[PDB]
């Protein structure tokens, strides 16, 4: 418990004071991650800091006259050279480099440290599973899985100068809104946890493990829900997903009485006087931020995202409209019924959900 | 031998008189392939002929007033809906349907029969190997294999209203020229021949069999050399490829003395008077049209294509220039030497081959 | 008219030789009839 507490304190200090962007602080940061580092003088005006590990080599070009980083290059020693370290922006011909941006657009090393920790994770845990190859290809397999399953989700890599596979929905204004981020994290619970390569087969329309011999140990594929943030939190039925797949449960620590705002809305008589609210939930609502979607759990991505989308479009809007100061409104886990007037369920199309909310708003206004 | 001769006569009659494009002849053709067929009246002006097998369903819409086919739709009963039955043309927004084109652009059913025989082959031999999925994905794996091996070949699907994976080179005018066609054919020699799924792994840069349990029996992956056509024929060293991989050897039947024009050019004194030709071939030259490239033989695609390209650019041009009415020209299997002036080999880049031919032409002119 | 009938009978000969000898003999007799006329 001393080592775990010390590591937690070290993580807290690293996050609380990331340091200023200087060549010395970048070198110290790389050395703190166990990266080999050397400095070369390319000219009287230019120095390169080169940092290396098992697979990754990072060259950082520093202009001595301007006191500024000029360029950053990632090179892999893998047979896979096609690792995307650029931001995916639609319509810019200049692929903006994530590592360069993390050192030029931010006031501190926090953005660079997080991106370097991610590259170091892939480096440490890549062998015959190549995680640089697999993580690049996974973004294509997820995009295909959504096309085959008729899911209206867009897949982008590398959003806002951060490594990750981002899942976007169309918002009310046609603006793309991130729903979730998929990335690899170290499995703190089980160092013997086998992480396999799963490919989405176009032929079977399923995830398949082609090579059960290709695994890495002590890594998990994590799906993080991107909250736009208590009303913007996503709540799940306690039995919606197996508790073994829940990495981060937001425990409302026992000294602030924040029920789900949903459950406080079954307890507090401050309703729209036109609606009698009926709760038909059989399970408790829990706030989940992170899911383990490793191995056979890749099928759950579409189910989790449909719930997140339904919860945002239907549940959160119903709650907002009921909470603003007699028809019966029945709210259950997968269906909502407004007397004999309108109903919608979790398995209906987004167009049915929008029509339900429009009709509900017209009645409640 | 009676059945084999009868089948050969039936194939000859099918190819010699394909029949006119009429609803009755299309129905009879489908029934001759064992396809179930029914006709529905969609309107007073429109009849549909629907034909079905294990996996394939083909709807043919017929306009009774115009005496013309209006539309053709392919539907698969596989979990794989993404089978490309359109022609790949660069720059046309209208993906032209191969089956519709084979019934509207051609004077006879020959084009449609060949495309239907190909779909029926995939249908009959698909099971857990799905040949519709695998044949679609194979075009992507070959394209990648050429990128990783620095081969200057373009891969297209479905050229000139015919099913197949076409391998193209840039010709002298920047026009794309087909070198080879890859497709599936019934293995007439061994019904027990196991055809496996081979994937090109980006990580290993090799073909891998991920699922040795996924096989089909009695099918071969064939590479056919697309001759632009005796001087346009491609000749191979007899020991260049194992004789077991040779499907179609053009036997010069024993009543016309067509040596390779190359070997007649070692026998006939009608040379350019400036060149002394020396033959250093150790093997006989054979004309090969079709190769079995199934299973572990997928690596041979790049070697066969390099030979075909070298033979077209170097050998055929050297022969054309020598044959048009003293420097020593040594011609071997993998290298050509013009005294101490210029040399090129099979392993040099296309740019070295072009420079050799330019210099050779300047000397011989 | 004998020309389209000859064409058609020709085509169901060349499409379906696997018909039993009865159909082949009858159809050949039909073509002999058409060319006789």
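Taking the range C:3-23, which residues are more than 13 Å from chain B (Cβ to nearest Cβ) and surrounded by 13 or more Cβ atoms within 10 Å (Cβ to Cβ)? Correct list: C:5, C:23.
Could you count how many residues in the range A:109-140 are within 14 Å of another protein chain (Cβ to nearest Cβ), more than 26 Å from residue A:175 (Cβ to Cβ) and part of a helix (DSSP H, G or I)?
Looking only at the range A:109-140, we keep the residues that are within 14 Å of another protein chain (Cβ to nearest Cβ), and these are A:122, A:126-140.
Then drop every residue that is not more than 26 Å from residue A:175 (Cβ to Cβ), which leaves A:122, A:126-137.
Those still in the list that are part of a helix (DSSP H, G or I) too: A:122, A:131-137.
Number satisfying all stated conditions: 8.
For first residues located in the range A:64-82 and within 14 Å of another protein chain (Cβ to nearest Cβ), partners that are part of a strand (DSSP E or B) and lie 6+ apart or on another chain with Cβ distances below 8 Å form the pairs A:76/A:56; A:76/A:57; A:77/A:56; A:77/A:57. The set of residues in the range B:14-23 that are more than 9 Å from chain C (Cβ to nearest Cβ) and over 15 Å from residue B:58 (Cα atoms) comprises B:15, B:18, B:21, B:22. A single member of B:51, B:27 is surrounded by 13 or more Cβ atoms within 10 Å (Cβ to Cβ), more than 26 Å from the chain's Cα centre (by Cα) and within 14 Å of another protein chain (Cβ to nearest Cβ), and it is B:27. Scanning the range A:285-296 turns up at least one residue that is touching a strand residue (DSSP E or B) at 6+ places or on another chain (Cβ under 8 Å), surrounded by 18 or more Cβ atoms within 10 Å (Cβ to Cβ) and more than 30 Å from residue A:200 (Cβ to Cβ). Can you find even one residue in the range A:201-218 that is crowded, with 20+ Cβ neighbours inside 10 Å, in a strand (DSSP E or B), away from chain B (no Cβ under 14 Å) and touching a helix residue (DSSP H, G or I) at 6+ places or on another chain (Cβ under 8 Å)? No, that holds for no residue. When B:4, B:36, B:11 are checked against the criterion of being out of contact with any helix residue (DSSP H, G or I) (no Cβ under 9 Å at 6 or more places or on another chain), over 22 Å from residue C:9 (Cβ atoms) and either surrounded by fewer than 17 Cβ atoms within 10 Å (Cβ to Cβ) or within 13 Å of chain C (Cβ to nearest Cβ) (or both), a single residue qualifies: B:4.
For (1) over 29 Å from residue A:113 (Cβ atoms); (2) assigned to a strand (DSSP E or B); (3) in contact with a helix residue (DSSP H, G or I) (Cβ under 7 Å, 6 or more places away or on another chain), each residue gets a yes or a no:
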residue	(1), (2), (3)
A:144	yes, no, no
A:152	yes, no, yes
A:157	no, yes, yes
A:163	no, yes, yes
A:168	no, yes, no
A:174	yes, no, no
A:177	no, yes, no
A:181	no, yes, no
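Because the Cβ atoms are built from the backbone with ideal geometry, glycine has one as well, and the counts that use them run over all protein chains shown. None of the figures in this text is laboratory data; all of them are computed from the coordinates on show.
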